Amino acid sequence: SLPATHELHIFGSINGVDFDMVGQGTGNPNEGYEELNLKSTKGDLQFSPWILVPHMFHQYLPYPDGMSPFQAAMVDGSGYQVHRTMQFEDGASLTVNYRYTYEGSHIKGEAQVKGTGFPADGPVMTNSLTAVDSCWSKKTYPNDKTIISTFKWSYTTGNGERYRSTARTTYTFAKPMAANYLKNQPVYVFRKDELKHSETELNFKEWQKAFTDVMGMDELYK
C-alpha cells in the first residue's frame, strides 16, 4: 500500500560505543511528512541525538505528478537499500545502511550507523548541537537501478555557528525504475527536520517537497 505507519530500529556505534533505539511513527504519503518516536534500549545516549538527524523513509515522498521512485518501489513490493556517507568539518565520518520490509501500509526500517572521529570536546560528544538548517538535496539517476542524493548539511551550535558536513546517499533498487523517471532528472527536494530529545527518548518530524521543474535549480541548490 502507500505508507501510513513505520517503525525504525536504528543502532550501531559512535566513537566505538554501541547505541540502539526503536520506535514507531506515521506519515503522509501525499505530502512526504513523517513523525517518529524513538526510545533507547541501551540507556543514556553518549552523544548528541541530533547526529541521528537526518538519518531517522523516502517511501513517504510524493513527486509533483505521482509517486516518487522510492514510494513506487514500496507499493509494488520490490523495494530498495540505502548507503549514506557524511564527512564532517572536524574530520569525523558517519555511514548509515538501511534495509526495509513492507506489510500493507506499514514499513519496518533498519538503519546500521557507524560514526568515528568525533572529537571528545566537540559539540557531538558534548551534546551541544541545538538545531539543523532546512536544505535542498539533488537526486540524479546514473542508471535505472540507482539514485544518488547529494546535500550539504549543517547543525547549529553557540550563536548560530554552523557545524557542517557533506552527505552523499546511494539508493540501490531491486527492479529498474519506470523509464520516465530517468528522462526527468535531476530532482531537487527541500526538507525541514525537527527534533525534541532527552538522553533516552526522541520525537522527530520531517517535511519534504520534491521539484521536477529543473531551471537553474542547480545554481540555487549548491
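In case it trips you up, residue 1 is the first one in the sequence shown, and so on.
- The stretch of deposited sequence separating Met56 from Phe57 contains 1 to 3 residues lacking coordinates in this entry.
- In this entry, the higher average B-factor at the C-alpha atoms falls on 179 to 187, of the pair 179 to 187 and 57 to 65.
- Comparing 46 to 54 with 152 to 160, the higher mean C-alpha B-factor in the PDB entry belongs to 152 to 160.
- When the C-alpha B-factors of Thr146, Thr126, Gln71, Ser137 are read from the PDB record, the largest value belongs to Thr126.
- Comparing the C-alpha B-factors of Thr169, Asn30, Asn37, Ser165 in the entry, the top value falls on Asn37.
- For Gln112, the recorded CA temperature factor ranks within the lowest third of the chain's modelled residues.
- Split the chain's modelled residues into thirds by C-alpha temperature factor. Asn97 is in the lowest one.
- In the deposited entry, the Cα temperature factor of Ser198 places it in the highest third of its chain's modelled residues.
- Sort the chain's modelled residues by C-alpha temperature factor and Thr212 lands in the highest third, per the entry.
- Sort the chain's modelled residues by C-alpha temperature factor and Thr85 lands in the lowest third, per the entry.
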